[PDB]
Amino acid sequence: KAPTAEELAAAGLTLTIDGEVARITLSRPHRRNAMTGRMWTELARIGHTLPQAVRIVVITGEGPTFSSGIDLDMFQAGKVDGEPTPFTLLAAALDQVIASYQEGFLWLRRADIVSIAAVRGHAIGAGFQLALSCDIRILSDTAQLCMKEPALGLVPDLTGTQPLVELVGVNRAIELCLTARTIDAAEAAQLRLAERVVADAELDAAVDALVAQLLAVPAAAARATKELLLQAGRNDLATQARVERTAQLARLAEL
């Protein structure tokens, strides 16, 4: 059973679905879309229950900031959004809680989805990791990215490290993370962190244009291609060729 709109609103999220496209909006603009444990676990539940027809997922924020990262209340011992924090616990179980949070991000790599992050203003820490977890990022010219965790004495543990390294290379990833510095939209484009940067007023139109292009390609070939691309880096060439060819047999049969 998918989370209800009421349940999602209590977790700071909106979800709407129109045919093949789902839009998830981070919806705590008064806290600049700061993230909580409940928000991460509801994201996971959305992923697990999306209709089979959905093949594009767009993640956006309400207001001028994509996400200010982890809600600073998560660093206290009291419950947040009804749920215990890592600090509640510390005052195996912790490992299980973190794993449950990571499930909110992992599903954005599913082969049967194209995930798109549409980022304006800051994407800090967990928020930067959410954007990194998506297949594609479209940034407003107001976007500012930062991996703040190390500044706080923490590591990035919401699945961001792999896509960051893939995008910018290990050397630049070291520089960004170990300085915890802020990257503006122009630098983000230059470093491959954004696939497109547009004026702030055009971000919705640019997302819509991309969605239209994706929907114009048939769903089964889109999914099979994504699945191939995700394997390509780790396979040797001979193996990748065999996987490509195996995928085509199934496409040619359908056609």
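Start at 1 and count along the sequence shown; that's the residue number.
Asks: I'd like the number of residues from the deposited sequence that lie between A91 and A92 yet are not in the model, binned as none, 1 to 3, 4 to 9, or 10 or more.
Replies: The entry has a gap there, with 4 to 9 residues left out between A91 and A92.
Asks: Quick one: say whether 6-14 or 233-241 has the higher mean Cα B-factor in the deposited entry.
Replies: Stretch with the higher mean C-alpha B-factor: 233-241.
Asks: Select between 110-118 and 80-88 the stretch whose C-alpha atoms have the higher average B-factor in the entry.
Replies: The deposited B-factors put 80-88 ahead on the C-alpha mean.
Asks: Which is it among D73, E175, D135, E166: the one with the largest CA B-factor in the entry?
Replies: Answer for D73, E175, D135, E166: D73, with the highest C-alpha B-factor.
Asks: By the record's CA B-factor, is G160 among the lowest, middle or highest third of residues in the chain?
Replies: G160: CA B-factor falls in the lowest third of its chain.
Asks: How does the C-alpha B factor of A199 compare with the rest of the chain: lowest, middle or highest third?
Replies: According to the entry, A199 has a C-alpha B-factor in the chain's middle third.
Asks: What third of the chain, by the recorded C-alpha B-factor, contains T182?
Replies: Answer is middle: the recorded C-alpha B-factor places it there.
Asks: Split the chain's modelled residues into thirds by Cα B-factor; is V21 in the lowest, middle or highest one?
Replies: It falls in the middle third of the chain.
Asks: Can you tell me whether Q96 has a C-alpha B-factor in the lowest, middle or highest third compared with the other modelled residues of the same chain?
Replies: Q96: CA B-factor falls in the highest third of its chain.
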